[PDB]
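K.L.:
Here come the first chain(s), positioned as in the complex:
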Amino acid sequence: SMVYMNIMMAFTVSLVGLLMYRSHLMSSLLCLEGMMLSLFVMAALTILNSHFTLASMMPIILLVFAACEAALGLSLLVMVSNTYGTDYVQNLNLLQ
Amino acid sequence: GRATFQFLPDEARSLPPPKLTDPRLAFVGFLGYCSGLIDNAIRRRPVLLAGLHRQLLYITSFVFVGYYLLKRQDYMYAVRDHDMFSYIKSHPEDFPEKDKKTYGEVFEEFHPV
Amino acid sequence: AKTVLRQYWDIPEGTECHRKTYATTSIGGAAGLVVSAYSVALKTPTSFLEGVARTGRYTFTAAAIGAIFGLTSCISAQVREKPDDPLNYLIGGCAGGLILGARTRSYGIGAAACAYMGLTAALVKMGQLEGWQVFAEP
Amino acid sequence: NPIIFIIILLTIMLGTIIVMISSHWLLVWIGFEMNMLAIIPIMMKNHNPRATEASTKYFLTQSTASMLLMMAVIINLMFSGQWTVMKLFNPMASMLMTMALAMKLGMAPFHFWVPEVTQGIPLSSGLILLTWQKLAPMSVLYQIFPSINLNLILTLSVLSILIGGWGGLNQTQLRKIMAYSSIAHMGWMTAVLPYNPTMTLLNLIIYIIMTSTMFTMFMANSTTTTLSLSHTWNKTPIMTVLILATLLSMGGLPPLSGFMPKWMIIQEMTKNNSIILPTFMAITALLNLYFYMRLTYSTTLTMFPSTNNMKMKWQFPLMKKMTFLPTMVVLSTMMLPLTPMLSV
Amino acid sequence: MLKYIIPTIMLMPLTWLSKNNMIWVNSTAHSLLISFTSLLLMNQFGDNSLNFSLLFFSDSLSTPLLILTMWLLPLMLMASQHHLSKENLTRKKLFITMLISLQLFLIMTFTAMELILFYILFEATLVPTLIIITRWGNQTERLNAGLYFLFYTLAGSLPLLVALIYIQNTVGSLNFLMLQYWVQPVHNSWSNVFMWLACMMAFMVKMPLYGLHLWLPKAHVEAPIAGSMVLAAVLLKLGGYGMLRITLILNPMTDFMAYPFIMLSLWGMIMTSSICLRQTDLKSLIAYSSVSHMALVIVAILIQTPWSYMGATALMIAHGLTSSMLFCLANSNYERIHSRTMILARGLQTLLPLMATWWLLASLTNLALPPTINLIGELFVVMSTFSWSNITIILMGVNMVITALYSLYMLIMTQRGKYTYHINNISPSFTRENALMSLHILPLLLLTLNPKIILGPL
Amino acid sequence: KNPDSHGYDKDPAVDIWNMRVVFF
């Protein structure tokens, strides 16, 4: 019913100017690691309100990578700001 | 077709098979026979005929493989046809028998210069 | 959407020349936006009001052409025999292209616009006129 | 170190084998979710301040690319509530599939990326592995194949083979020139795709070979165009007849095999009585050729041998399977009306 | 048939397989022999034309045209020898290979049995020619002749393959010319013009109209040593005959639009020969002949009504020789004096007396004295194209004037006193100079004795 | 190319061979 239009307007959290930008990359990477819960919850209802009884594990597997992988891509964000000290998306150097 | 993820099924028994001395199988590995001669020439062999143990084992490979592959190709064009006639045969309503008319009949255009 | 054509391609067909540049300033006026979307996105435009102004200017510039183009035809598409014909509907191209050439001075453009944007007009009508399809299925 | 590099480099294809083998929407997520997990360290190996400002412009551009998909999987879990792999039962699914999946392949838009990564990965060794990621997605599009809005997958195609064409004429670095004109050949194979989707793969294999045999040749030291001038008077001239026996064949001319995909593809795209589409593709790959000419006027024209440069040593690279391919990348045209009935 | 492709491909390892300098004489010796095979089974019918295999009828067709194609090969190595002796043997082994690699397809083409072997072999050159132009050029303007030679030839010949694949699946099978016995006409539409226009314009871009010839003098002015492939590129061009296989049929009944190809090339025929009078570079001066009385065939072919094919065939092989041989003179006289500027060479005819009668018999066959093939190839043009409309007698009657001032001005420029400063030009035309310059005027005039062997079916 | 040799094509011998192989 209504709970399917919220949360959906929430899953436009993408909003992409705020997905790569502006600086403090950690804000961009943040709205990514919370782009989940729009994928999770939304898929923790349709599975639940009707009894699938089987795909019920799927919600668990939507995290176990969403944490595993998104925690990888954090790593690079040390390598960027190790050599700098400010992330600041404004580093372009490799060009085209 | 059926018996999926099979290189070829059992039904290919009824095909000739494509035995040797066809120009392709000869040609297959010819393009390898001009491949072997390369294989030397890249490294400054500089033989242009070097050890026959590299200058062979190619020709052995291609024509075997070229052969073992042509066995199914010819198959496929058979199962293509076979599934056509057997459909063309039924539904004769979709397949008319045209009449026979010589020229006491047809006019063309008729536009000479 | 696809239908803007559908009422464009149905009713007027050579007559009612006022609606025919009424709806054919929409298209060439519509596509002016999309170029104004990548203009400030892909090219920088640091200007609160200045930037806005620049964008608008470019957009309107692009827009010019669709309006006259419907008109340069259905005028002459009316006045000769009162259908449209693969020759008839060219004409909107050359003078139509000259608007762009009238802008940002000619000598190397105004001919080309009249030329090529001339060449590619006729095909449209010539296209449906023989029943051509660009995007089809069996 | 050296063992694992074969554990990683094995897990990739295991990432893409679960893609082609599966019935089940979840697995085609996990399947190419663990590439963006298992690709990344290969970029690194020499730990430089590009690869690390590269794979991070790659990462978050294949992160969302995936993460939209999972939103267009769970739409048709609502409607029809049957996973598996078949037409998507609802238009907001597909339009959110195909134009958010074009990110991994990148098509007509969604490439400010393919030149920003392929350029300036310090590792040119390969970078042949960016021929896998062409091969994971297609092995969806072949299945979903009878659902597309059909006005799109052409509209990303025809805006592609154009936009990847013009992209390079302005380029010098020859890692880019392959980066460009690898959007191009993504214009032919997904322009076909609704009509008779095999005779796509045909263009897919003939592509994996030709771009493959380039790099293995571009590996000795070769990097910048004007380091391919110092080539013939230095390294070996039997190299130059090669790089002229392919770069020409790759845009294609009928006595070679590069002409083999087009020649067959247009048998298909007419016979469906669309003859106003293919010319414009057929005619646009033309000025896709003027990279290669003018690339090939670098090496046969004896241009100012580098300097006093004396390489008296022989070679010890791995040419592995290069001594084959440009006898199959060239001479195969005379052979085959197989490719339409062989893989089918 | 394989009687031909097999020995001529057997030639291919007759060359490198040999020793040092024996190579030239090795292959020139054999390459002549094949000419016995050339005639051998050929010059059969005649009536109800020869087709000896499924995908080959070598030439029956009364377009024999193939015997020449097998001439010009061992006229090259006598031609090409001059400055190609100055680089390495493994490269000299190449230049003889690709040159053959051309000769192998021109036997494949002109037979082809069909349309679709023609095309892929109609485009199958430009791999071997383009490589001879760019390497072994002279000037540095060559690099542009590389492109311009493509981007026309290939530019519009792709619309063939859009059209010929459109016919294959429309009416029956194009697999064979010799079955047209069902052909419906082409009446009219805004679609069919394009069909006729797609099945045509690819051919025009080879034998030039007065538009889109912009490449022809670009490639010839600057082009390999001997005219080594410049003799071959004067075979390639005329080989656009295939318009004789199409326009006879396969849309017969549109002549409706012929007129923009008539009045466009019919006023160029009176034209580009006239822009050839003030030329200061000699290998340009001949390059514009080659347009002119070649472009006369395009008004011979479009018109139906034989007495044109009587006269249109004799022309393809008319200048096939004369226009060949002139590029052989202007080469030689260039060996000795290294400018191609026409002015510079004057005061000859004293110093090379025997080569006097060589210029003359060449420049006399553009004049087309009545008895030779040339006029009997032009006066079947004028007889039908007169009946078209009486007024064609004027322009193409003017062609027969400006061309006469045209030719002489090239000879008579080499009759003057000049001793001037040249200490060069000693060599009194060592035999190859006058040997390869023969094997043209001997075979050319000769045919006039029994000139029923050059004719179409009509 | 005249050290007072006569010559046609190239050098001492097969030049002499090279003339009879063309003429004949």
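P.N.:
Great, that's in hand. Residues are numbered from 1 along each chain as shown, chains lettered A, B, ... in the order given.

K.L.:
Can you pull the residues of chain E lying near chain C?
P.N.:
E:189, E:190, E:191 (Cβ under 8 Å from any Cβ of the partner chain). No exception for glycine: its C-beta is placed from N, CA and C like everyone else's.

K.L.:
Relative to residue D:317, how far out is residue B:50?
P.N.:
19 Å (Cβ to Cβ, to the nearest Å).

K.L.:
Which one's more surrounded, those two?
P.N.:
residue B:50 (16 against 11; other Cβ atoms under 10 Å in any protein chain shown).

K.L.:
For the more buried one, list the residues it contacts.
P.N.:
Applying Cβ atoms under 8 Å, 6 or more residues apart in numbering or on different chains to residue B:50 gives the contacts residue B:40.

K.L.:
any idea which helix or strand carries it?
P.N.:
If you go by DSSP states H and E, residue B:50 is not part of any helix or strand.

K.L.:
Among the residues of chain E next to chain C, name the buried ones.
P.N.:
Neighbour counting over the residues of chain E next to chain C (16 or more other Cβ atoms under 10 Å in any protein chain shown) leaves no buried ones.

K.L.:
Can you list which of the residues you listed are found in helices?
P.N.:
Among the residues of chain E next to chain C, no residue falls in helices (DSSP state H).

K.L.:
Let me know the outermost residue of chain D.
P.N.:
residue D:308 (37.8 Å; Cα atoms, centre = their mean).

K.L.:
Please report the distance of that residue from chain B.
P.N.:
21 Å (Cβ to the nearest Cβ, to the nearest Å).

K.L.:
got it, and residue E:160?
P.N.:
26 Å.

K.L.:
following sequence is chain G, add it:
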Amino acid sequence: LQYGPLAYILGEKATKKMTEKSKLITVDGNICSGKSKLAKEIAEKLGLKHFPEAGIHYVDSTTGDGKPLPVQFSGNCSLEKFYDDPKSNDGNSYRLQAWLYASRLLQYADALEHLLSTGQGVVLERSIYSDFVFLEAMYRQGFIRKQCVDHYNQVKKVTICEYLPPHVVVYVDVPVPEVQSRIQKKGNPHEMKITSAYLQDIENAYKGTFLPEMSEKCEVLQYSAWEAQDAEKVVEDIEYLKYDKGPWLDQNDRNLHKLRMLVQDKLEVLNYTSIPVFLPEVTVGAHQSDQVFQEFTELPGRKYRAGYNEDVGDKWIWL
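P.N.:
Chain G added:
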């Protein structure tokens, strides 16, 4: 040194070919000072293989068998030519540097494999590091121009990456204001009148320029005297270990660093210097010119057409 992946993951060499007998080392020398008189004498005590210094034919001193080919095919400014200090010339006095440099890397590239294949200490003559002393009296004496000085300096930042520096690096005993007579008394006919500029300016330019490595990690050692000469020989024999043993490596740099287990830093020095085709793989030329170091296409570019003869003289058939 590793051979592929296959000859590595089974067995390798990290510390088990390095017993502390590894200890790479070099010397410096002035003009006609420390050439062969001392450093040659030291091979044993400690059993260290010695390398020769420089000269055009060192690359001819590999590959064979081995007789040196003439000066055309190995091109340079031909030592005992530029001793005319040709500040007006063809030229060049720079193109000598390149081939003088092009081997200068090759010795040091050929050493770094010898250790990991053996573990013998290696004494050098003038390593890649201390060559730059000439450029001071090469640049200030006007015979080199601008733009050829920075070029091999634009090469400097490229060429030196993974190289472990030498340990006990020793500047030479110096005769101060003498080598005027040392170059005089020893003959050397074409080592000649070249004046204070290339005499005095180098000596001012040894320490104050070569200082960084002298103060860099690996502990250095210094003399100013006539020479060692039976007095400081044993001193620099045993007591050059006493400084090279306990208080030996500072940041050490030559440990075969934290990949020392035969990993990313450890075996990729010894997989870089096998088949030394990649070692001088960035030395090959820039965009176009430099106006000095060049070879045109055919003019004079036929020099390769002569050295072109089958390029591999012997491999007979059947195998």
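
K.L.:
let's see the contacts of residue B:50 again after adding chain G.
P.N.:
By Cβ under 8 Å, 6+ apart, the neighbours of residue B:50 are B:40, G:315, G:317.

K.L.:
do residue G:301 as well
P.N.:
By Cβ under 8 Å, 6+ apart, the neighbours of residue G:301 are D:233, D:302, D:305, G:295.

K.L.:
Now, of those, which are buried?
P.N.:
By 16+ other Cβ under 10 Å, the contacts of residue G:301 give D:233, D:305, G:295 as buried.

K.L.:
what's the closest non-adjacent residue to residue G:288?
P.N.:
residue D:304 (6.8 Å; Cβ to Cβ, 6 or more residues apart in numbering or on different chains).

K.L.:
Then residue A:47?
P.N.:
Nearest to residue A:47 is residue A:55, by Cβ to Cβ, 6+ apart, at 5.3 Å.

K.L.:
need the residues of the stretch 51-200 of chain E near chain B, please.
P.N.:
Residues of the stretch 51-200 of chain E lying near chain B (Cβ under 8 Å from any Cβ): E:185, E:187.

K.L.:
How about the residues of the stretch 51-200 of chain E by chain D?
P.N.:
E:119-121, E:123-124, E:126-127, E:134-135, E:143, E:146-147, E:150-151, E:154-155, E:158-159, E:161-162, E:165-166, E:169.

K.L.:
same thing but 6 Å
P.N.:
E:120, E:123, E:124, E:127, E:158, E:162, E:165, E:166, E:169 (Cβ under 6 Å from any Cβ of the partner chain).

K.L.:
hang on, the earlier thing: around the residue nearest to residue G:288, how many other residues sit close by?
P.N.:
For residue D:304, using other Cβ under 10 Å, the count is 18.

K.L.:
And what about it, helix, strand or coil?
P.N.:
Three-state assignment for residue D:304 (DSSP: H, G, I helix; E, B strand; the rest coil): coil.

K.L.:
can you add chain H next? sequence is:
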Amino acid sequence: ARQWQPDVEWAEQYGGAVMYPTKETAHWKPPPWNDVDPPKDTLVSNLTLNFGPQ
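P.N.:
So, slotting chain H in with the rest:
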């Protein structure tokens, strides 16, 4: 010095840049000829704490 012209300036005109075909705007840089290392390098000295009258 005859057969043709592979002359002085044909190399540098392909010299590393965006290679402006008809017009120049923003070139990038000659890319690093070795493993790329253009950018800045970050080193902080140390932390200054006094462990004081505690």
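
K.L.:
What about the contacts of residue G:301 again, now that chain H is present?
P.N.:
Going by Cβ atoms under 6 Å, 6 or more residues apart in numbering or on different chains, residue G:301 touches D:305, G:295.

K.L.:
separation between it and residue G:295?
P.N.:
Distance from residue G:301 to residue G:295, by Cβ to Cβ: 6 Å.

K.L.:
so the residue farthest from the centre of chain D touches residue G:74, yeah?
P.N.:
No. Counting by Cβ atoms under 6 Å, residue D:308 sits too far from residue G:74 to count as a contact (8.8 Å).

K.L.:
Can you tell me the closest non-neighbouring residue to residue D:239?
P.N.:
residue D:231 (6.5 Å).

K.L.:
Where does chain C get nearest to chain B, residue-wise?
P.N.:
residue C:138 (15.5 Å; Cβ to the nearest Cβ).

K.L.:
What is the neighbour count of the residue nearest to that residue when sequence neighbours are not counted?
P.N.:
Distances taken as Cβ to Cβ, 6+ apart place residue D:272 nearest to residue C:138, at 5.6 Å, with adjacent residues excluded. As a burial measure, residue D:272 scores 15 neighbours (other Cβ under 10 Å).

K.L.:
again with residue E:219
P.N.:
Residue E:219 has 21 nearby residues by other Cβ under 10 Å.

K.L.:
From residue E:72, how far out is it?
P.N.:
17 Å.

K.L.:
re the thing from before, A helix includes the residue nearest to residue D:239, no?
P.N.:
No. Counting by three-state DSSP, residue D:231 falls outside a helix, being coil.

K.L.:
Tell me how many other residues crowd residue G:37.
P.N.:
Neighbour number of residue G:37 under other Cβ under 10 Å is 14.

K.L.:
Could you give the secondary structure assignment for the residue nearest to it when sequence neighbours are not counted?
P.N.:
Counting by Cβ to Cβ, 6+ apart, residue G:37 lies nearest to residue G:227, which is 6.2 Å off, once chain neighbours are set aside. Of the three states, residue G:227 takes coil under three-state DSSP.

K.L.:
Noted, bye for now.
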